[PDB]
4 protein chains.
Amino acid sequence: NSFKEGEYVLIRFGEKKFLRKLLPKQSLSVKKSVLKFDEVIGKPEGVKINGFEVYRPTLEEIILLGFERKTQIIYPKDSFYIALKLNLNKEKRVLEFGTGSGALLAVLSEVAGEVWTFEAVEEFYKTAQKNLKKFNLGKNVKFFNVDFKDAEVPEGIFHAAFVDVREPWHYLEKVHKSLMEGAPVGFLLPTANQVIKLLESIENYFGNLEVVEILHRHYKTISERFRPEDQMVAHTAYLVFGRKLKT
Amino acid sequence: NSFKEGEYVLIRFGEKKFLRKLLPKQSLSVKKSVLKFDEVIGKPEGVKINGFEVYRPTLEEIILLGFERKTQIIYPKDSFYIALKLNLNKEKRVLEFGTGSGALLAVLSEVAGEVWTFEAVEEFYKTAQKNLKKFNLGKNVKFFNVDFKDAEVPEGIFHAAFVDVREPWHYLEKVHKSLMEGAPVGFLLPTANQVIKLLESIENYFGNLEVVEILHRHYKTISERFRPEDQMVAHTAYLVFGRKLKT
Amino acid sequence: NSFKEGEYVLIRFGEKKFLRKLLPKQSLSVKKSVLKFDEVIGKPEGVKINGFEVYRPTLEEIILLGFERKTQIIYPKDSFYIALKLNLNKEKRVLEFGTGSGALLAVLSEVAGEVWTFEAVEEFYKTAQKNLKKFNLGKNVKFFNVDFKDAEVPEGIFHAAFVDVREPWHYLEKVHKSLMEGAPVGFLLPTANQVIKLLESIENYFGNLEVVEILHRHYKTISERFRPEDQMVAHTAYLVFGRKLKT
Amino acid sequence: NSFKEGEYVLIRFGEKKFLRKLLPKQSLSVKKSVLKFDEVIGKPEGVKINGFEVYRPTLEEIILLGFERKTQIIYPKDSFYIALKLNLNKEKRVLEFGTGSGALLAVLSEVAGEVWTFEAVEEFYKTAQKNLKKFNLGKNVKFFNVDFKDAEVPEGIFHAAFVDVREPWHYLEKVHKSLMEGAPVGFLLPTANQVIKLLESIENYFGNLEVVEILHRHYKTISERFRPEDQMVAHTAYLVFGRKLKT
Ligand SMILES: C[S@@+](CC[C@H](N)C(=O)[O-])C[C@H]1O[C@@H](n2cnc3c(N)ncnc32)[C@H](O)[C@@H]1O
Ligand SMILES: C[S@@+](CC[C@H](N)C(=O)[O-])C[C@H]1O[C@@H](n2cnc3c(N)ncnc32)[C@H](O)[C@@H]1O
Ligand SMILES: C[S@@+](CC[C@H](N)C(=O)[O-])C[C@H]1O[C@@H](n2cnc3c(N)ncnc32)[C@H](O)[C@@H]1O
Ligand SMILES: C[S@@+](CC[C@H](N)C(=O)[O-])C[C@H]1O[C@@H](n2cnc3c(N)ncnc32)[C@H](O)[C@@H]1O
C-alpha cells in the first residue's frame with residue numbers, strides 16, 4: 001500500500017519530526033527546504049525526497065503529534081510502561097478515568113481486550129473519541145460521559161484500573177470494588193503532595209505498593225559526535241502502583 | 001480463583017518481593033517471620049497472612065523473579081517501551097534475535113500477533129522455551145535454533161524487528177530485506193562503542209533514527225518519609241530505533 | 001614527597017579504591033593479589049606495584065573512605081556544590097549545624113575563611129574533630145558542643161549558613177538573625193515531606209528559593225567497552241537554597 | 001551596605017532570575033510589572049518591592065547571567081564539583097587550558113592559590129580577563145595568550161590541571177610533565193567519541209581513572225505543589241579525572 005491523499009504521514013527532516021495530512025497542492029517548508037505533498041502521494045513508505053523521509057506514524061508519533069490536547073496528556077514514556085505494568089493483554093478488561101484527551105486510553109486500547117473509560121467533562125469526552133476515531137483506534141472501548149462516582153460500574157470484574165484525577169483518594173473504595181481479587185491499579189500524580197496524600201489513604205485498599213518515576217534521555221544520532229541531547233523532559237508524573245487487598 | 005498447590009505466587013513482605021512455588025508443607029522465612037504455604041492454599045489473591053501479602057505475579061514479576069537467566073536479559077523497563085515503540089499489536093508479526101533467555105520475547109509475544117525468534121545456542125534456545133512455557137506464555141511464538149544469517153526467511157514479512165546481538169551491523173541487510181516497507185526496527189546496545197559503530201552504517205538501511213536510554217527511579221512507599229530509594233539501576237543499554245528506508 | 005610510614009594512602013586496584021594507613025609489615029590483598037606496604041614506603045606518588053596504583057588521597061577520598069561515620073554524612077557530590085553555591089571564599093565566615101561526623105564541615109573548612117559549627121551530641125562533636133585533625137583539616141573551625149538554639153551566636157556576622165537537621169524550620173529566626181543581609185542559606189533534607197514543610201515556613205525569612213537534586217552517574221573507564229556503571233546512588237537528599245529577606 | 005548605583009544586582013521575580021546594572025531612572029519590566037531602580041538604590045539586600053526581591057549575585061549567578069559567552073562555557077554544576085575534586089585549596093597552583101570565556105577559571109581562581117591559564121585565541125583571552133575583572137575576580141590568575149604546546153611552562157610545579165580542548169590527548173605528555181607526582185588531572189569532553197579516544201591514549205600517563213556525568217534537576221518551590229520542573233539540562237559534558245602516574 002502506497003501513500004494515499006488525505007492520510008496523515010510522519011515526515012522526518014534533520015532532528016525533527018512532523019505529522020501532516022496529505023492534502024493536494026499543499027506543502028511543508030522548513031528552513032528554505034520545501035516538501036510538496038503532491039510528490040509524496042503515490043510513493044511507498046520510507047521514501048527520501050529532498051532530504052525529507054516520509055513514513056506512516058506509529059502509536060507513539062500519533063499520540064505525541066496527532067492527538068488534540070484539551071487537557072494534560074499521559075506521554076508514551078509513561079503509558080507504554082503503565083499498560084504492561086498493569087499486566088494487561090487481550091483477555092483482560094481495564095477501567096480508566098478520567099479519559100481526558102485519550103492519550104493513555106489509546107495505549108490501554110491497543111493492549112487490553114476491553115476498556116471502560118469515564119470522563120465528566122463533555123468536551124473532553126468528545127475530543128478523546130475524535131482523537132482515537134481519527135487514527136483508527138479504540139474499537140474495544142466503551143466511553144462514558146459521567147462522573148466516575150455517579151457511574152454504574154460493574155463490581156469485581158475489572159482486571160486492572162488506572163486513575164488520573166487530582167484527588168484519587170476520594171475514589172479508592174469504588175475503584176477497589178470494581179476490581180477482581182489481587183488486581184493491579186495505577187495512579188498518575190504530578191506532585192509529591194498528592195503521592196504523600198495517596199499513601200496516607202491507600203493502606204486499606206491496595207498493597208504491594210510501588211512508586212516509580214521514568215526518565216527518557218535521547219542522544220544525537222551522529223556517529224562521530226555521539227552524545228546526549230542538550231535538554232530532556234525532567235518530569236511528567238510520579239507513577240503509583242499497587243494490588244487489590246482482599247478485605 | 002483461589003491459590004492452588006504447585007502454582008507460582010508473588011509474596012510481599014516489607015520492601016521486598018518474593019516469587020515462590022506453592023509446595024505442600026514448605027514455607028518462606030524472612031527475618032524470623034514465617035509464611036507456610038499450606039496456609040495460603042485455598043486463599044484468594046491479596047490475602048495477608050502474618051504480615052505477608054500474597055498475589056499472582058504480573059508479567060514484570062515473572063520476568064524479573066521467575067525467568068531462568070542463562071544470558072543477560074532485557075529488563076521490563078526497556079522491553080515494555082520497546083514492544084509498543086515498535087508499534088506492535090495482534091495484527092503484527094515481529095522478528096527477534098537472539099532469543100537469549102526469552103525475557104524480551106515474553107513481552108513481544110503478549111503484544112504482537114506472531115513472533116519469529118532465533119537463537120544459535122541450543123541451551124539458551126531450550127531455556128527460553130522452558131521460561132515462557134512455565135508461565136503459560138509464548139503460544140504465538142516460532143522458535144528457531146539457528147543463526148539468523150543461515151535461516152530461510154521470506155522477504156518483507158515482518159511489521160517490526162528487534163536485534164540484540166554483540167555486532168548488529170553484520171545483519172542490517174538481511175533484517176532490512178525481511179522487514180515490510182517503512183517498518184520499525186530496534187537495537188539493544190550496552191556500550192557507546194557499539195552505538196557509534198552501528199551509526200556508521202545504519203543509514204544505508206534505516207532512517208528516522210532515535211537513540212534513547214531509560215532510567216527508572218523507585219521511591220519509598222512510606223507516607224511520612226516519601227523519598228527516592230538509595231540506589232538505582234544506572235544503565236542497562238542504549239536503545240536505537242529506526243524505520244525501513246525504501247531501497 | 002616519597003611515601004612515609006603511617007600516612008594514609010589511596011590504593012587503586014581494578015575498579016576499586018582503598019584507603020589504608022601505611023603500616024610496616026602489613027598488606028592489602030584483593031582477589032588473592034597482594035600489596036605489601038613495605039614496598040610502598042619510600043616510593044613516589046603514582047607508583048604501580050603488582051597491579052596496585054598508590055597515591056595520596058584527595059578531599060573527596062578522605063571524606064568517603066577515611067572519615068568515621070557516627071551519623072549520616074553529606075557526600076562530596078552535594079557538599080562540593082553546596083560550599084560554592086553558598087558563595088564561600090577565604091573572606092567569608094559560615095555557620096553550620098549539626099556538625100555530625102564533619103563530612104560537610106571538611107569542605108566548608110577548605111573553602112571558607114572560618115566556620116562556626118554546632119553539635120549537640122558530644123560523641124559526634126568529638127568524632128568530627130577527630131576526623132578532621134586526622135587528615136590535617138579544620139584549622140579555621142570553631143567547634144561548639146551545644147544545641148544551636150542555646151548557643152551564644154552574634155547577630156549579623158555570618159556570610160552564609162548551612163543547616164542539616166531533621167526539623168530545620170524551628171531554627172529559622174535565629175539563623176536569619178545570625179546572617180548578614182541577603183546572605184545565602186542552604187538546607188539538606190532527605191525526604192519530600194521535610195522539603196514541603198520547610199517551604200511553607202520559610203516564606204518570611206528567605207527568598208530567591210531553589211530546590212535541586214544532584215545525580216552522579218559513573219562510567220566504565222575501559223576504552224573498548226565504554227558505558228555507564230550498572231548501579232548508581234539514586235538519592236542522597238534534596239538541597240534547598242535561599243537568600244536572607246530583609247525583615 | 002545598601003545598594004549603590006552601577007552595581008549588578010540579582011533580581012528575583014516569580015520563578016525567574018534577572019541580572020541588571022542599577023542605573024538611576026531605569027527600570028526592569030516583567031510583562032506589565034515594573035521595578036524602578038531608584039527604589040532599589042539605597043536599600044539593603046533582601047528588599048522586596050512590588051513582588052521583586054533584590055540581592056547581590058553569587059558566583060553561580062555571576063557566571064550564568066553575567067559572564068559574556070564567546071565559547072561553550074563550563075557550567076557551575078560541573079565546575080563547582082571540578083574545583084574541589086581536583087583537591088584545590090589556597091596552597092595549590094592549578095594549570096588550565098583553554099581559558100575560553102573564563103567560566104571554569106572563576107571557580108578555580110576562587111578555590112586555588114594560583115592559576116596559570118592558557119588561551120590560544122586573543123579575543124577569548126581578552127573576554128576571560130574582562131569577565132573576571134568586571135566582577136572583581138581572578139587576582140591570583142596568570143593569563144597567557146599562547147598555545148599550550150608552545151608555552152614555556154616549568155616542569156612539576158602544578159598541584160593539579162584541568163584540560164578543556166577538543167583533542168586533549170595531544171597534550172598528555174606535556175601536561176604530565178608540568179604536574180607534581182601523583183597530582184590530579186581533569187578533562188571536559190562533550191562526546192563519548194572523545195572520551196573513548198582519551199581512554200585509549202591516557203594509560204601511560206594517568207591512573208585512578210574516573211568518568212562521571214553530573215545531572216541537576218530543579219524543583220518547584222511552591223509548598224502545596226512540590227514537584228520537579230518540567231524540563232532540565234540533560235547533558236553538558238563527560239568529566240574525566242585521573243592522577244599522575246610515575247614514569
Ligand atoms: C489529566 S486529565 C486525564 C488525561 C488522560 N490520562 C490522558 O492521557 O489524556 C484528567 C481528567 O479526568 C477528569 N476527571 C476528574 N475527576 C473525574 C471524575 N470524578 N469522574 C470522571 N472524570 C473525572 C477531568 O475532567 C479531566 O479531563
Ligand atoms: C544478550 S542475549 C539476548 C537476551 C534476550 N534479548 C532476553 O531478553 O533474554 C544475546 C543472544 O543472541 C544470540 N545470538 C547472537 N548472534 C546470533 C545470531 N546471529 N543468530 C541467533 N542468535 C544469535 C546469543 O547466543 C545470545 O544468547
Ligand atoms: C545528619 S547529621 C549532620 C551530618 C553532617 N552534615 C556531616 O556531613 O557529617 C545531623 C546532626 O545534627 C545534630 N543536631 C540536631 N539538632 C541540633 C541542634 N539543634 N543543635 C546542634 N546540633 C543538632 C545531630 O546531633 C546530628 O549529629
Ligand atoms: C570549550 S572552550 C573553554 C571553555 C572554558 N573551560 C570555560 O569554562 O569558559 C575551549 C578553548 O580552548 C582553546 N584552546 C584549544 N586548544 C588550545 C591550546 N592548545 N592551547 C591554548 N588554548 C587552546 C580554544 O581557543 C577555546 O577557547
# chains A, B, ... in the order shown; residues from 1 in each chain; ligands from 1
>>> interface_residues(of="chain D", to="chain A", cutoff="10 Å", atoms="only C-alpha atoms", output="PyMOL selection string")
chain D and resi 189-194+216-220+223-238
>>> residues_around(residues="region 98-112 of chain C", least_positions_apart="4", cutoff="8 Å", atoms="only C-alpha atoms", output="ChimeraX atom specification")
/C:59,63,67-76,79-80,83-84,88-94,117-120,124-125,127-129,131-132,137-141,163-165 /D:89,111
>>> residues_around(residues="residue 168 (chain D)", least_positions_apart="6", cutoff="10 Å", atoms="only C-alpha atoms", output="list in words")
residues 97, 175, 187, 188, 189, 194, 195, 197, 198, 201 and 202 of chain D
>>> select_by_dssp(residues="region 41-146 of chain C", states="helix (DSSP H, G or I)", output="CSV table (one decimal) with N, CA and C atoms, in the first residue's frame")
chain,number,residue,atom,x,y,z
C,59,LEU,N,40.6,15.3,49.0
C,59,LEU,CA,39.5,15.7,49.9
C,59,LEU,C,38.3,14.7,49.8
C,60,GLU,N,37.9,14.4,48.5
C,60,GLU,CA,36.7,13.5,48.3
C,60,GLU,C,36.9,12.1,48.8
C,61,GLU,N,38.2,11.6,48.7
C,61,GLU,CA,38.5,10.2,49.1
C,61,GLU,C,38.7,10.1,50.6
C,62,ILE,N,39.2,11.2,51.2
C,62,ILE,CA,39.3,11.3,52.6
C,62,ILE,C,38.0,11.2,53.3
C,63,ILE,N,37.0,12.0,52.8
C,63,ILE,CA,35.6,12.0,53.3
C,63,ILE,C,34.9,10.7,53.1
C,64,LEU,N,35.0,10.2,51.9
C,64,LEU,CA,34.3,8.9,51.6
C,64,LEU,C,34.9,7.7,52.2
C,65,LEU,N,36.2,7.6,52.3
C,65,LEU,CA,36.8,6.4,52.7
C,65,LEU,C,37.5,6.5,54.1
C,66,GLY,N,37.8,7.7,54.5
C,66,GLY,CA,38.6,7.9,55.7
C,66,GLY,C,37.9,8.4,57.0
C,76,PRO,N,30.4,14.3,49.1
C,76,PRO,CA,31.0,15.3,48.2
C,76,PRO,C,30.2,15.7,47.0
C,77,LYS,N,29.5,14.8,46.4
C,77,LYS,CA,28.5,15.1,45.3
C,77,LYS,C,27.7,16.4,45.7
C,78,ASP,N,27.2,16.4,46.9
C,78,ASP,CA,26.4,17.5,47.4
C,78,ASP,C,27.2,18.6,48.0
C,79,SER,N,28.1,18.3,48.9
C,79,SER,CA,29.0,19.2,49.6
C,79,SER,C,29.8,20.1,48.7
C,80,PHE,N,30.4,19.5,47.6
C,80,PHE,CA,31.3,20.3,46.7
C,80,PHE,C,30.4,21.4,46.0
C,81,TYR,N,29.2,21.1,45.6
C,81,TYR,CA,28.3,22.1,45.1
C,81,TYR,C,27.8,23.1,46.2
C,82,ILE,N,27.4,22.6,47.3
C,82,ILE,CA,26.9,23.4,48.4
C,82,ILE,C,27.9,24.6,48.8
C,83,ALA,N,29.1,24.2,49.0
C,83,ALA,CA,30.1,25.2,49.5
C,83,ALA,C,30.3,26.4,48.6
C,84,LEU,N,30.3,26.1,47.3
C,84,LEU,CA,30.5,27.2,46.3
C,84,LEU,C,29.2,27.9,46.0
C,85,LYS,N,28.1,27.1,46.0
C,85,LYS,CA,26.7,27.7,45.8
C,85,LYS,C,26.4,28.7,46.9
C,103,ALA,N,31.6,15.7,57.7
C,103,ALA,CA,31.8,15.5,56.3
C,103,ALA,C,31.6,16.7,55.4
C,104,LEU,N,30.5,17.4,55.7
C,104,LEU,CA,30.3,18.8,55.1
C,104,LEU,C,31.3,19.8,55.6
C,105,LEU,N,31.5,19.8,56.9
C,105,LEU,CA,32.4,20.7,57.6
C,105,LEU,C,33.8,20.7,56.9
C,106,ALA,N,34.3,19.5,56.6
C,106,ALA,CA,35.6,19.4,55.9
C,106,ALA,C,35.7,20.3,54.6
C,107,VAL,N,34.6,20.3,53.8
C,107,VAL,CA,34.5,21.1,52.6
C,107,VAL,C,34.3,22.6,53.0
C,108,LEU,N,33.4,22.9,53.8
C,108,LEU,CA,33.2,24.3,54.3
C,108,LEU,C,34.5,24.9,54.8
C,109,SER,N,35.2,24.1,55.6
C,109,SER,CA,36.5,24.5,56.1
C,109,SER,C,37.6,24.8,55.0
C,110,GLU,N,37.6,24.0,54.0
C,110,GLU,CA,38.5,24.2,52.9
C,110,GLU,C,38.3,25.4,52.1
C,111,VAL,N,37.0,25.8,51.9
C,111,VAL,CA,36.6,26.9,51.0
C,111,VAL,C,36.5,28.2,51.8
C,122,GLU,N,27.8,15.0,72.2
C,122,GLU,CA,29.3,15.2,72.4
C,122,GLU,C,30.1,14.1,71.8
C,123,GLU,N,29.6,12.9,71.7
C,123,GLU,CA,30.2,11.8,71.0
C,123,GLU,C,30.5,12.2,69.5
C,124,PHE,N,29.5,12.9,68.9
C,124,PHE,CA,29.6,13.3,67.5
C,124,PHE,C,30.5,14.5,67.3
C,125,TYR,N,30.4,15.4,68.2
C,125,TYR,CA,31.3,16.6,68.3
C,125,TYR,C,32.7,16.2,68.4
C,126,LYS,N,33.0,15.1,69.2
C,126,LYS,CA,34.4,14.6,69.3
C,126,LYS,C,34.8,13.8,68.1
C,127,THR,N,33.9,13.1,67.4
C,127,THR,CA,34.3,12.3,66.2
C,127,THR,C,34.6,13.2,65.0
C,128,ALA,N,33.8,14.3,64.9
C,128,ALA,CA,34.1,15.3,63.9
C,128,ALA,C,35.4,15.9,64.0
C,129,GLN,N,35.8,16.3,65.2
C,129,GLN,CA,37.2,16.8,65.4
C,129,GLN,C,38.3,15.8,65.2
C,130,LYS,N,38.0,14.6,65.5
C,130,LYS,CA,39.0,13.5,65.3
C,130,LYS,C,39.2,13.3,63.8
C,131,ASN,N,38.1,13.2,63.0
C,131,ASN,CA,38.1,13.0,61.6
C,131,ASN,C,39.0,14.1,60.9
C,132,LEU,N,38.7,15.4,61.2
C,132,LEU,CA,39.3,16.5,60.6
C,132,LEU,C,40.8,16.6,60.9
C,133,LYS,N,41.1,16.5,62.2
C,133,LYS,CA,42.5,16.6,62.7
C,133,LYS,C,43.4,15.5,62.1
C,134,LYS,N,42.8,14.3,62.1
C,134,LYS,CA,43.4,13.1,61.5
C,134,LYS,C,44.0,13.3,60.1
>>> closest_residue(among="C:114, C:5, C:147, C:96", to="ligand 3", atoms="only C-alpha atoms and all ligand atoms")
C:147
